[PDB]
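Participant: One structure follows; several queries about it will come next.
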Amino acid sequence: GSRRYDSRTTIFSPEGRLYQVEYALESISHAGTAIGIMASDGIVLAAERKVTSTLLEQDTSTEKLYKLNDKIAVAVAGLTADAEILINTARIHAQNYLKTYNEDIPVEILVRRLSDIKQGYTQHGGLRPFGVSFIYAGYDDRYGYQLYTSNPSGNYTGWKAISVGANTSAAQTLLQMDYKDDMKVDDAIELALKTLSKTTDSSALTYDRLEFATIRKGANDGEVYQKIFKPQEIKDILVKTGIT
Amino acid sequence: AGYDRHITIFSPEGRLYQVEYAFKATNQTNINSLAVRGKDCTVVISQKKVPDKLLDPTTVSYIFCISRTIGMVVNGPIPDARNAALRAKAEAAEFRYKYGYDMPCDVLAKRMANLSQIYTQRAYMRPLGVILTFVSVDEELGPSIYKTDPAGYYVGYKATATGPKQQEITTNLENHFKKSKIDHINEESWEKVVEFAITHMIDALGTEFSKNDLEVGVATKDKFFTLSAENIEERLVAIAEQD
Amino acid sequence: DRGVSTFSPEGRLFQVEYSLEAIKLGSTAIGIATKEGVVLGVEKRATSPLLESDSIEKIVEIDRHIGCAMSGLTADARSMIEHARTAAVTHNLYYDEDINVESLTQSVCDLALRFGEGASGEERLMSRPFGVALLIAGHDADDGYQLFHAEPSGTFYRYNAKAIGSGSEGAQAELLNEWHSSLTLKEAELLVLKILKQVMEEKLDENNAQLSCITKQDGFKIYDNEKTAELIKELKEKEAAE
Amino acid sequence: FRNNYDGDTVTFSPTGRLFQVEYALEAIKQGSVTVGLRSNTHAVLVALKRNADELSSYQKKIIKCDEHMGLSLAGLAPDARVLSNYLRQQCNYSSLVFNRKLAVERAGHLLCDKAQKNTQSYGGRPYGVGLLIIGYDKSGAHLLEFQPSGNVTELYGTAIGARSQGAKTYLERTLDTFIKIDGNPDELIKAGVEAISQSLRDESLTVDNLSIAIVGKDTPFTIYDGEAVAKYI
Amino acid sequence: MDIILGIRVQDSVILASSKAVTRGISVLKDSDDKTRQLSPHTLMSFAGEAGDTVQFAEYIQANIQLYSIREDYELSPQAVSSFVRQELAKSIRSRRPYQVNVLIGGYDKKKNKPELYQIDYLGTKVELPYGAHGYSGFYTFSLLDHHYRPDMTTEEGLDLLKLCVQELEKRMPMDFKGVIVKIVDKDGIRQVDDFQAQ
Amino acid sequence: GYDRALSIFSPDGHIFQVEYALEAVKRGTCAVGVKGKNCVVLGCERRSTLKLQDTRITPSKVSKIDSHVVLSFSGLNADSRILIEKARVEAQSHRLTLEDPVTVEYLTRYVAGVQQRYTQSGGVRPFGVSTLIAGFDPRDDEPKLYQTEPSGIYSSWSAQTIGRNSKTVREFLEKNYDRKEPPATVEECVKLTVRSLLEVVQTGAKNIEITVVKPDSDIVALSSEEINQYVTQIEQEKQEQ
Amino acid sequence: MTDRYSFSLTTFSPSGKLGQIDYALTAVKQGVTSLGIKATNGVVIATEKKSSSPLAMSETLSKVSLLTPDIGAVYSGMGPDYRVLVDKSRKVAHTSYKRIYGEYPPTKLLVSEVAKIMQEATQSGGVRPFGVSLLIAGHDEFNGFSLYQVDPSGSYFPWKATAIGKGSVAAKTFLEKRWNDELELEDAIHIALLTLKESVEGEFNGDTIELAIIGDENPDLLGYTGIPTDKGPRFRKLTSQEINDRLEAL
Amino acid sequence: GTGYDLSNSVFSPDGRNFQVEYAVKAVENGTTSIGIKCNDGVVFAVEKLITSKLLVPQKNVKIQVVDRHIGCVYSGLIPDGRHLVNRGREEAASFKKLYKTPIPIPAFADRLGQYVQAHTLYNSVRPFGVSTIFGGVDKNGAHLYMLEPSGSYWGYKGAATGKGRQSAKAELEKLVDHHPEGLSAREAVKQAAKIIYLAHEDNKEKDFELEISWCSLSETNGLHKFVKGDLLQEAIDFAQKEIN
Amino acid sequence: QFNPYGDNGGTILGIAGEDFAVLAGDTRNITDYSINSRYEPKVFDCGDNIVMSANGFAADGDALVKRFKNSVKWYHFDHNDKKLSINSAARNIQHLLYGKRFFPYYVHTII
């Protein structure tokens, strides 16, 4: 029969660990690093594009920063294709919530849902887990700015600043070193670039290898605004922050 | 790990052994066949070998009548060949019903190739160990030859051959067209095209044929049929009176 | 791997045999059938002094005339009891009468072999056999007081006395000698309490052991600690008496 | 060898054997002996019941399918229950839809086909029980032997289970004799007991240990146990 | 039908609902509370088909309670009403639609304002200063259009209802056995035990 | 479609996937619960493999199933969410049909049954979780404390613990909890709880959260200070000797 | 019967690798080189028609396919996999877009759809990943001209120019040298022809080469007139002749 | 490597399917049975080993009829044979129900063929453990067929399978040569009884019981019937005589 | 339109004595104004000493009697040949009838 070729993706190791989740994580660890830093007046998302070329069209590119809602966005670390499957269902759960209650979906509710999808691939179905880790950056009128993280296991938690992908230990130490509760979005932006700048596995840190996004509540308005930086915009902020 | 050789998943070299082995199965019957295109007909010749004396020679065939216009010859085990035939007939009948015109040779070929491509990607389906050569005189393309394999691959030919000694038949035919400089037997009667076919089948194989050693199928405008032992003899005689 | 309903070369089902091994590790349970009723006793076996021993339910009621004791992976018995009670009540709803003890047992055993990953015969959707054995005891007008031993193999045997669990082999031998066709309910009560004491790793008191019976007159009853405690005392006495 | 081909019934061994089926057959041998024999008026089933302890019962080995049919089992009781219940339905469908009693020969065909399905598909297991079916139909008395492989054979007499070969020899010898015990059930039953004792060794057939069933011309399949069989011990 | 009225005043919402429960020829009960509390600050009154009425109310109740436990948060009145509308809208195109009309009155602790929502069995929702279901509106909408003011006190509100309930007792054919009144405000929900003669 | 028997019997009569499910619980952060004479206390320790979190929104260890019942656990967090949601739903359903909230034993028996089911259903692995469920039956004041494990088994305890070093903290409780005189106070019950945790938490003011449940849906979670004050008063009991 | 292979055939290895996708990329590496170049007013995709016999008719085998009137695809790897992907792609472009908005999907979205199909064959039960890599080129009103690449994993990325298959490395290098943001369509076609030459062993002509472009609208290739907003497809396959005429200015 | 013989639909490196080949072994290990086509029909015969005296004689019939004009006999795993006839019977009913005319033997043969071939496509099933000889009379003549576990089948002049297939095949080849004009129904019946007595030597240890059936346009009217009484005894004799 | 029901007339009567009971019925069977049979039994012995009659629409009456008899057979099969008590039969029959609560057996049955 078939049983012969079944990997049994959802079983426990004698040590009570989940093989596939563990290896998926190992997979994530080689992905471009993504960072999320939460300030008092906004949130910053930065990510390093893994593998690029002179001909890669960066203008029309997107592989690590995706808009889920008009108040929520995510940073991706892992299999882009796997991530898109989850992102689309994510965008749908949001609209459903909106149609049911006529209110934008609270950030955690959306995060718990996606994390629940992931957890499922862990306990039944005989399918491999999604090789993906998310950094969620969003805003809602109950907790203000929030920063979350979810991985293949289906576990999630909240942070002031965090990273996923490659060299996380190195980047986490650096953040835990220069982060301060009273930071400002512009301070956060600079911290984010510095961290990546020191954990890169590449030569320098150019703009063509970066994705940038901020979720602020522009004072001259009163609403929340997401801004996915354009190549030129990332090039600028790169000069100012003294990395040219 | 080593199971990448039992089901259709990739081997470290990016290969599919089951598909390769299915190709091996296609020669199990040790029979060769070839098809050529006339001016307005298509011919397929195939070796007919009846070992057991207890057999009813009239029921040992590898050529099939798919539709009033499509003819199909198979290289491989009879059970898989019949499975492919039944399906092709069903597919051809349905196509007519749904679209109002006869399924073209090249289209049925594609359809079967796709069906084979699937056994290549899905683990529970094994590939069929056969190679299918489809022929006819398409109302839009004229004389046509399309062949598919266990890899789900398919293409059209000016002329083609299949079996253990396929290479010799092919190079033989190749040489003839390099010479004639045209892509078909320039003959008005299918009888001469059938004769051209058998002739070269003999050169390349270095063997003489009796009326019961061959099997012949002919495709013409609006009809595909197979010749009888006697229709074949009449053919064999004609070639004899030239050599 | 290997089918969950495969035969060993000796003509036995692996999963069923391994199931029986899990049952050997369970707490002991003993049943004695007399013409005055059937007694069912079990070894509580708390794993810690902090565990409230009376929340250990290893003897449950099926219906007023049927009760049963378990041994092995006790969690696996919940659905078995559920199925048992529903069968009993349902039989009553359809026939306005009490379900015969044997019929009730046969029903429970019908679930037993309903395991596999796709066994062609119906829709047996249960990944493994039950890891618990049961002692079903009761009374009915046709065959009077009865004691049954129901295994995960789907088979069930009728006994005058039977022991299942950790000390079953030793306890069984004990029951072999002591049992006779004229035992009284009290003699059975004492007798059960005695054998439980021999096999129990702990010193049998009214907190780590529980008794119960089923009699035509009052049906199935689980003895409260106080009642049993005296039975234990009455035993210690009659034993020291020789 | 064997170890690589006895994983499941769907696999053939290099010699063409189906070990899982063979293993099932083994469960039968480990089962308590039971006998079956018929004349031209009756068919008898004598079954030795086996007890676990001396405090246990001697598990029933005889089941009734219809008023004219019944069988004795040797092997996995649950499987006998499943197969007997299936037979009860076929015997029952025949009466309801056609107002006709099911021919013993036809019931054998049904069992064979049911058993066979469990030997060609993945996930399932063969049945692990042997069955002896007796009945009286429109063509007289009948005795059938059912094997989990799906093989069902009609005989004058036979036996299955442990040491069953004793009884089987005795019958293959006593043939010319019991086949003529027409119009006399008690004589057929006695012959049945003398056959089943040819496979004894451990003990001797006792009252609560013996079980007999009879059917024929003017005798609806009925089962006798204990006291009722005392006059045969 | 039964009487179902609601009025949104300055800092609260008041729901008045008839107490009679008539079945054919007899009035089976005269102390029926045609309401359910969805959450500490949200109340819903309902009227309609015999079984559907309570079954639906309790179904909605169970769901809002589950939301509260899971999120440890109380949904806004607007959120609850939208949830209720959607349920009814689904119902309207199903095999056997729920024939229930509801009034949802809540106090939005975040906006610190009372809110009244009227929703019919078809899933038609609308926010109003005051509303009614059935024939009630036919007698009361004129009284309310007249004496209603956005800044009325909870006390003025109860007087306006009393006026409404009186007009109803005068001109309506059925004896609805008086109403049960409830107030929803920043402090939750309470019942005016004295309206039998206020 | 996927129905492979993942939880099966091995030769010795074990079900390794359930056994390994337990190994996952041993790895979880310790959890404890002790019942006073008029209350029950639940204590959980906080890991520190990474610290720079946001305690406001990070999921807490003790969860309310209903207003009168809470549930804590040890093991796989993701797995625990599933059980909690199912119990919260079953809680509402019970209220809707019986017109009375669940007793603590009922709610426990439910969670337990769900766990047992995942041990003998194809295509699924057992829950890598063990739980402590506590609360007060409706209109009752007698405290209730229960525990469940991957196998589906459950029972009530005077005091109990699960998770890493639960081995150690159970011992503390065994020679520190007298059934004769259960912590007759909310205060002395909360202390006995923190004491047992300090045996393993190793100075963890921010590594020890305590929740107190009293009759009639009275549930509250202490703040760092309130608990921190207990640890302090305890470190003195030692030094004063 | 019945596919009982409901579990994944592609799983994570201890190293974190996904074997089947790796192997699929390996299969793609063996494939015949194919490339794509984006100009300022067009895009060009091209490959080599590796005839598997002289008796075979190379025309009957197109490696370059039209998906929509403004989008085309080409590949490297397993032709049969490519073929069924093209059928699905053309259908998904209708079922998921034209039948809803009454207009063909924009390049990135169609590519996205395709990528999805491939991602699924990476995780669904009972299947192996697709053994191909595609290069899709198209044009749409709001995004202009674009060129993408879709791999067996389901990942895709935009390119100014690139090559896949057998001699991709060398080809990618040659392109980096010749590419600039001011190239006109003819210039790109020319560069495409030069690049493909280094990859072709034998005959190099309009019969052994298959090249198509995404450029201006072809009202002549529409088939009808009367609807002003319909100007014709931007996708156009070059003729054996059109290719040779250019090979002369090589 | 190896293992190519443990799963049913697997191709071994040499393009074979071992499980099917193993099934054949099961066929060769069975009783011998044959089929003799004649001038206007076909005759079927099989060997029935008398395991013991307890077997009721003439009872355990083996030859099977499909519809009213087709005969089927097989060697190998008997139960598998019944399973195949059952399918054929449904297959036949279906055909007659839609087309009215009873099913042509060639059409019937493909039905069994396609079905048997089907059991060599998936690893979830086992190939058939039997070779079946069947045939009958139809709109244009008599037809004799033999189907192998691989789903392979052809039309035969004579056919045999089982333990003594060689003895039989030998005797059959003789008949074919010494009767170019075609045997007769009556003659084929005796001839058959003989081929069976001869092929019994490859099993001469156990006693047996002969069984014959035939379908002749003149002798049975195109209907399949079993040979009983006189005609049977006459054939047993013709055999018992020439066996010496 | 098709009417699934018909009326075959006839009447039945049941009287219980102290140690006996009787169940009678006429033997006529009709349709409209025609006689179908002058002797077509309508009261049956169902075993276990129970007599039954389902008067009304004969087709339904036959279906019921047949279903109940088959019920007695299985009672024995599933409960070690236990005798079905008259009270148990009655309860059983209630379930048989209510099973077709929304497409009734158009009969008045007595046992």
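Convention: chains lettered A, B, ... in structure tokens order; per-chain residue numbering from 1; ligands numbered from 1 as shown.
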When DSSP works through the backbone of this structure, what residues of region 12-242 of chain A end up as alpha helix (DSSP H), shown as a PyMOL selection string?
Facilitator: chain A and resi 19-28+80-101+107-123+168-178+185-199+231-240
Participant: Store the residues of this selection in a file with C-alpha atoms, as a compact mmCIF listing (two decimals), in the first residue's frame.
Facilitator:
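To be explicit, this is the file written out as result.txt:
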# COMPACT_ATOMS: atom_id res chain seq x y z
CA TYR A 19 10.25 17.23 13.45
CA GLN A 20 8.75 19.13 10.53
CA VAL A 21 8.26 22.33 12.54
CA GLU A 22 11.86 22.10 13.65
CA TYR A 23 13.15 21.65 10.11
CA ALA A 24 10.85 24.33 8.72
CA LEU A 25 12.37 26.69 11.30
CA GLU A 26 15.82 25.58 10.17
CA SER A 27 14.61 26.54 6.71
CA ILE A 28 13.38 29.96 7.87
CA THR A 80 7.26 33.30 -0.53
CA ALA A 81 4.76 31.00 -2.23
CA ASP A 82 3.76 29.44 1.10
CA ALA A 83 3.45 32.93 2.55
CA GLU A 84 1.13 34.11 -0.23
CA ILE A 85 -1.31 31.26 0.46
CA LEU A 86 -1.51 32.38 4.08
CA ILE A 87 -1.62 36.09 3.21
CA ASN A 88 -4.61 35.68 0.93
CA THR A 89 -6.61 33.73 3.50
CA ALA A 90 -5.49 36.41 5.95
CA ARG A 91 -6.87 39.20 3.77
CA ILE A 92 -10.15 37.29 3.58
CA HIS A 93 -10.55 36.74 7.32
CA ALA A 94 -10.16 40.50 7.65
CA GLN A 95 -12.88 41.34 5.12
CA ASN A 96 -15.20 38.75 6.67
CA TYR A 97 -14.75 40.30 10.09
CA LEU A 98 -15.39 43.73 8.57
CA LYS A 99 -18.57 42.55 6.88
CA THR A 100 -19.86 40.86 10.03
CA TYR A 101 -19.20 43.58 12.61
CA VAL A 107 -4.84 42.91 15.20
CA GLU A 108 -4.55 39.92 17.53
CA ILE A 109 -7.75 38.29 16.30
CA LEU A 110 -6.30 38.19 12.77
CA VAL A 111 -2.94 36.95 14.07
CA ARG A 112 -4.50 34.23 16.23
CA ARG A 113 -6.49 32.98 13.25
CA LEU A 114 -3.52 32.62 10.90
CA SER A 115 -1.49 31.08 13.70
CA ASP A 116 -4.36 28.61 14.17
CA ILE A 117 -4.20 27.67 10.49
CA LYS A 118 -0.50 26.95 10.90
CA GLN A 119 -1.04 24.98 14.10
CA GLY A 120 -3.48 22.79 12.23
CA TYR A 121 -0.92 21.61 9.69
CA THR A 122 0.91 20.50 12.81
CA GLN A 123 -1.65 18.16 14.36
CA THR A 168 18.21 36.48 14.45
CA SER A 169 20.32 35.92 17.56
CA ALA A 170 22.81 38.51 16.37
CA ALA A 171 20.09 41.02 15.40
CA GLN A 172 18.11 40.42 18.58
CA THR A 173 21.13 41.18 20.76
CA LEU A 174 21.73 44.45 18.89
CA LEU A 175 18.08 45.53 19.25
CA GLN A 176 17.97 44.59 22.91
CA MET A 177 20.98 46.87 23.19
CA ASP A 178 19.86 50.14 21.58
CA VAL A 185 9.49 56.27 14.43
CA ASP A 186 12.52 58.02 12.96
CA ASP A 187 14.71 56.57 15.69
CA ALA A 188 13.21 53.15 15.03
CA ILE A 189 13.90 53.47 11.31
CA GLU A 190 17.57 54.14 11.96
CA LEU A 191 17.86 51.33 14.52
CA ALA A 192 16.31 48.94 12.00
CA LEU A 193 18.81 49.86 9.27
CA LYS A 194 21.76 49.59 11.63
CA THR A 195 20.78 46.10 12.78
CA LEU A 196 20.38 44.77 9.25
CA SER A 197 23.54 46.62 8.31
CA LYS A 198 25.46 44.62 10.93
CA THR A 199 23.80 41.23 10.36
CA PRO A 231 13.26 52.21 -4.08
CA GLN A 232 14.16 55.90 -4.29
CA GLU A 233 12.71 56.50 -0.80
CA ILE A 234 14.80 53.69 0.68
CA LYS A 235 17.87 55.05 -1.10
CA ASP A 236 17.32 58.45 0.53
CA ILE A 237 16.73 57.24 4.08
CA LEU A 238 19.84 55.13 3.51
CA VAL A 239 22.01 58.22 2.89
CA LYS A 240 20.62 60.31 5.73
Participant: Pull out every residue of chain B sitting within 9 Å of chain A, counting only C-alpha atoms, and send them as an MDAnalysis selection string.
Facilitator: chainID B and resid 3 7 124
Participant: Kindly export the residues of the current selection with C-alpha atoms, as a short mmCIF file (atom, residue, chain, number, x, y, z; two decimals), in the first residue's frame.
Facilitator:
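Full text of selection-v2.cif as output:
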data_model
loop_
_atom_site.label_atom_id
_atom_site.label_comp_id
_atom_site.auth_asym_id
_atom_site.auth_seq_id
_atom_site.Cartn_x
_atom_site.Cartn_y
_atom_site.Cartn_z
CA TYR B 3 11.59 5.00 -2.95
CA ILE B 7 6.65 6.13 -7.30
CA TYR B 124 -1.18 6.62 -7.16
#
Participant: List the neighbours of region 62-76 of chain I out to 8 Å using only C-alpha atoms; skip same-chain residues closer than 6 positions along the sequence, and give me the result as a PyMOL selection string.
Facilitator: chain I and resi 44+46-47+52-54+82-84+93+96+105
Participant: Taking only region 29-68 of chain I into account, list the residues labelled strand (DSSP E) by DSSP (computed from the backbone), as a VMD selection string.
Facilitator: chain I and resid 29 to 31 34 to 37 44 to 45 51 to 56
Participant: Do you have the CA of residue 197 (chain F)-CA of residue 29 (chain F) distance handy?
Facilitator: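 Result for CA of residue 197 (chain F) versus CA of residue 29 (chain F): 11.0 Å, one decimal.
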Participant: Would you mind listing what lies within 9 Å of residue 138 (chain B) as a list in words, with only C-alpha atoms counted and same-chain residues fewer than 6 positions away left out?
Facilitator: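 In the requested form, the answer reads residues 69, 70, 104, 105, 106, 144, 220, 221 and 222 of chain B.
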Participant: Name the residues in contact with region 197-213 of chain C at a cut-off of 6 Å, using only C-alpha atoms, excluding same-chain residues fewer than 4 positions from it; report them as a PDB file with N, CA and C atoms, in the first residue's frame.
Facilitator:
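And here is the file that came out, part.pdb:
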ATOM      1  N   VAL C  38     -23.918 -10.320  42.390  1.00  0.00           N
ATOM      2  CA  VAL C  38     -22.568 -10.298  41.865  1.00  0.00           C
ATOM      3  C   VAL C  38     -21.837  -9.159  42.546  1.00  0.00           C
ATOM      4  N   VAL C  39     -20.593  -9.413  42.940  1.00  0.00           N
ATOM      5  CA  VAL C  39     -19.785  -8.399  43.599  1.00  0.00           C
ATOM      6  C   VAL C  39     -18.681  -7.964  42.661  1.00  0.00           C
ATOM      7  N   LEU C  40     -18.412  -6.669  42.664  1.00  0.00           N
ATOM      8  CA  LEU C  40     -17.382  -6.096  41.825  1.00  0.00           C
ATOM      9  C   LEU C  40     -16.514  -5.211  42.710  1.00  0.00           C
ATOM     10  N   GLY C  41     -15.214  -5.485  42.737  1.00  0.00           N
ATOM     11  CA  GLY C  41     -14.303  -4.682  43.534  1.00  0.00           C
ATOM     12  C   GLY C  41     -13.119  -4.252  42.688  1.00  0.00           C
ATOM     13  N   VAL C  42     -12.532  -3.101  42.997  1.00  0.00           N
ATOM     14  CA  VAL C  42     -11.388  -2.613  42.231  1.00  0.00           C
ATOM     15  C   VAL C  42     -10.314  -1.961  43.100  1.00  0.00           C
ATOM     16  N   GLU C  43      -9.112  -1.840  42.550  1.00  0.00           N
ATOM     17  CA  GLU C  43      -7.997  -1.210  43.244  1.00  0.00           C
ATOM     18  C   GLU C  43      -7.911   0.246  42.784  1.00  0.00           C
ATOM     19  N   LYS C  44      -8.221   1.198  43.663  1.00  0.00           N
ATOM     20  CA  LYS C  44      -8.154   2.613  43.287  1.00  0.00           C
ATOM     21  C   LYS C  44      -6.766   2.959  42.723  1.00  0.00           C
ATOM     22  N   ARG C  45      -5.733   2.756  43.533  1.00  0.00           N
ATOM     23  CA  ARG C  45      -4.348   3.020  43.136  1.00  0.00           C
ATOM     24  C   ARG C  45      -3.995   4.471  42.788  1.00  0.00           C
ATOM     25  N   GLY C 167      -2.539  -7.925  39.089  1.00  0.00           N
ATOM     26  CA  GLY C 167      -2.459  -9.205  39.769  1.00  0.00           C
ATOM     27  C   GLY C 167      -3.452 -10.281  39.367  1.00  0.00           C
ATOM     28  N   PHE C 220     -27.789  -2.316  41.012  1.00  0.00           N
ATOM     29  CA  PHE C 220     -26.379  -2.041  41.179  1.00  0.00           C
ATOM     30  C   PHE C 220     -26.124  -0.885  42.138  1.00  0.00           C
ATOM     31  N   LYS C 221     -25.289  -1.146  43.141  1.00  0.00           N
ATOM     32  CA  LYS C 221     -24.932  -0.163  44.163  1.00  0.00           C
ATOM     33  C   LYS C 221     -23.424  -0.127  44.401  1.00  0.00           C
ATOM     34  N   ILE C 222     -22.874   1.069  44.568  1.00  0.00           N
ATOM     35  CA  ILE C 222     -21.450   1.207  44.854  1.00  0.00           C
ATOM     36  C   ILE C 222     -21.350   1.482  46.359  1.00  0.00           C
ATOM     37  N   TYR C 223     -20.685   0.596  47.096  1.00  0.00           N
ATOM     38  CA  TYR C 223     -20.545   0.755  48.548  1.00  0.00           C
ATOM     39  C   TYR C 223     -19.791   2.019  48.927  1.00  0.00           C
ATOM     40  N   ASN C 225     -17.498   4.374  51.340  1.00  0.00           N
ATOM     41  CA  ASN C 225     -16.345   4.054  52.174  1.00  0.00           C
ATOM     42  C   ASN C 225     -16.653   3.435  53.537  1.00  0.00           C
ATOM     43  N   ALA C 229     -15.235  -0.140  54.807  1.00  0.00           N
ATOM     44  CA  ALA C 229     -14.290  -0.112  55.919  1.00  0.00           C
ATOM     45  C   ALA C 229     -14.612  -1.198  56.943  1.00  0.00           C
TER      46      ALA C 229
END
Participant: CA of residue 249 (chain G) to CA of residue 183 (chain G): how many Å, to one decimal?
Facilitator: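 Between these atoms lies a distance of 17.0 Å.
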Participant: Need to verify the contact set: region 154-158 of chain F, 10 Å, only C-alpha atoms, exclusion of same-chain residues closer than 2 positions in sequence. Can you return it as an MDAnalysis selection string?
Facilitator: (chainID C and resid 46 48:57 74:75) or (chainID F and resid 33:36 40 104:105 108:109 111:113 130:134 143:152 160:161 173:174 177:179 182)
Participant: Could you work out which residues of chain B fall inside 7 Å of chain G? Count only C-alpha atoms, and format the result as a PyMOL selection string.
Facilitator: chain B and resi 9-15+114+117+121-124+152-153+155-160+174
Participant: Measuring atom to atom with only C-alpha atoms, identify which of F:18, F:96, F:83, F:201 is nearest to chain C.
Facilitator: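 Closest to chain C, using only C-alpha atoms: F:18.
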Participant: Excluding same-chain residues fewer than 5 positions from residue 26 (chain F), what lies within 12 Å of it counting only C-alpha atoms, as a ChimeraX atom specification?
Facilitator: /A:15-17 /F:19-21,31,73-76,128-130,149-150,161-167
